[PDB]
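Here we start with a single chain on its own, the form deposited in one PDB entry, put down as structure tokens.
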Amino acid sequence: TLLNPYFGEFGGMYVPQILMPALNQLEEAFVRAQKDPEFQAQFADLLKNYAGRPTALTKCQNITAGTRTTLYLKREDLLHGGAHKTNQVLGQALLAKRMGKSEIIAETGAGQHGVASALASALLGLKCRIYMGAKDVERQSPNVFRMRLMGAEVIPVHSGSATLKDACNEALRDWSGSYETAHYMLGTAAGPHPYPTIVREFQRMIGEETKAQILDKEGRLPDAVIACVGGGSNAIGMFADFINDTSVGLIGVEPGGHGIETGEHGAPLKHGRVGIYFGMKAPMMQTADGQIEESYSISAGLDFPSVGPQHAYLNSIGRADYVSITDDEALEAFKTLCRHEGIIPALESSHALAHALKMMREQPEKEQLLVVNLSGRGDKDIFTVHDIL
């Protein structure tokens, strides 16, 4: 390979031999692309004029009133599509075009990645086919329609297994024979190299903007940047630019679901064990004998059974810290943000805010400049919260 596939002991390319050529092809193109000023200018134009970057950094005074905490929210919810997903999906799409490919292959759960693949493909003239499991489809019907409207071909997979990780098998199988003309669009900073690296580089603008914006507003870097961790894309996007700024705390928040002790959670990095699956070596939700388990969270966008290799690594060396937030804590942060700032956060981002609120409330007289990555909007969640309330 041209780049290191591992982040310490985590990462690698654990895929069938047949798929190695596709991975090495992608890594080579990514490297060329990154050196190419024209690719960067095109990628930048799209992010600016199509997606709406740079996104704002909102100072939330109302929620931190009466405490020594100053909270800022990176407004990824204002990005075209309502979620940070668009950034890397646009980048990967330009990459497929660089490789002369005309098709895009993707798989979905929460629906957001499928819709994102669909918007990028439609915009750039790419034929997009999205795999989705029956059980998952019926639930995400609105997003299913959205994908179809955007010309995406939602392929209904149903053979016992009908979830993200279970639908990935058919997406990969396809790519195995179609990689010459098709690009598999992975939706998070996970899977086999060079995906963990590509997705981070295509999401790092979140952190680069935050740094510039925080320096503009406060004239100093934040004490900590907090982001929810589903697979790790929004989190690594925020962290990336701050890694060499040792004074800046990096906090990743995993879904605690009904509570860690209940087992019904989605926090493998801190409450799972290293395994090999999804084409990578990383911490995961698995049974005693090696069978991969499902993650749980009020928010579907955080139901990934594993975590990105770079996060597991950042944790091992003590550079980034990871914690968990319960559904109830996330629901409280959701309602609190609505009423005090008039912002409907995604249930995913609510885990990151809920933690920032905890840091504040537990130590009200602690002076701290915090930035929470508000990765998406919660318009999609109003019905869920509605039913709980």
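Numbers follow the displayed sequence, beginning with 1.
Between the stretches 364-372 and 377-385, it is 377-385 that shows the larger average CA temperature factor.
The question of which stretch, 103-111 or 180-188, has the higher mean Cα B factor is settled in favour of 103-111. The residue among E201, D77, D166, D241 whose C-alpha carries the highest B-factor in the deposited model is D166. Comparing C-alpha B-factors across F304, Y313, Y195, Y72 in the deposited entry, the largest value falls on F304. Placement of the Cα temperature factor of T86 within the chain: middle third of the modelled residues, per the deposited record. When the modelled residues of the chain are ordered by C-alpha B-factor, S350 sits in the lowest third.
Per-chain ranking of the deposited C-alpha B factor places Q61 in the highest third. When the modelled residues of the chain are ordered by their C-alpha B factor, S121 lands in the middle third. In the PDB entry, a CA B factor belonging to the middle third of its chain's modelled residues is recorded for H271.
One more form of this protein exists, namely the form solved in complex with a small molecule; it is left out here, but the text below deals with it.
Listed residues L73, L164, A96, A312 were compared with the small molecule in the deposited complex; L164 is the one with a heavy atom within 4.5 Å. This chain is displayed alone, yet in the deposited complex one of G252, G207, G266, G187 has a heavy atom within 4.5 Å of the small molecule; that residue is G187.
With the partner left out here, the small molecule still marks one of 239-247, 106-114, 315-323, 256-264 in the deposited complex; by a 4.5 Å heavy atom cut-off that stretch is 106-114. When contacts are judged by a 4.5 Å heavy atom cut-off, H183 does not count as touching the small molecule in the deposited complex.
Heavy atoms of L3 reach within 4.5 Å of the small molecule in the deposited complex, making it an interface residue.
Among heavy atoms of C168, some come within 4.5 Å of the small molecule in the deposited complex.
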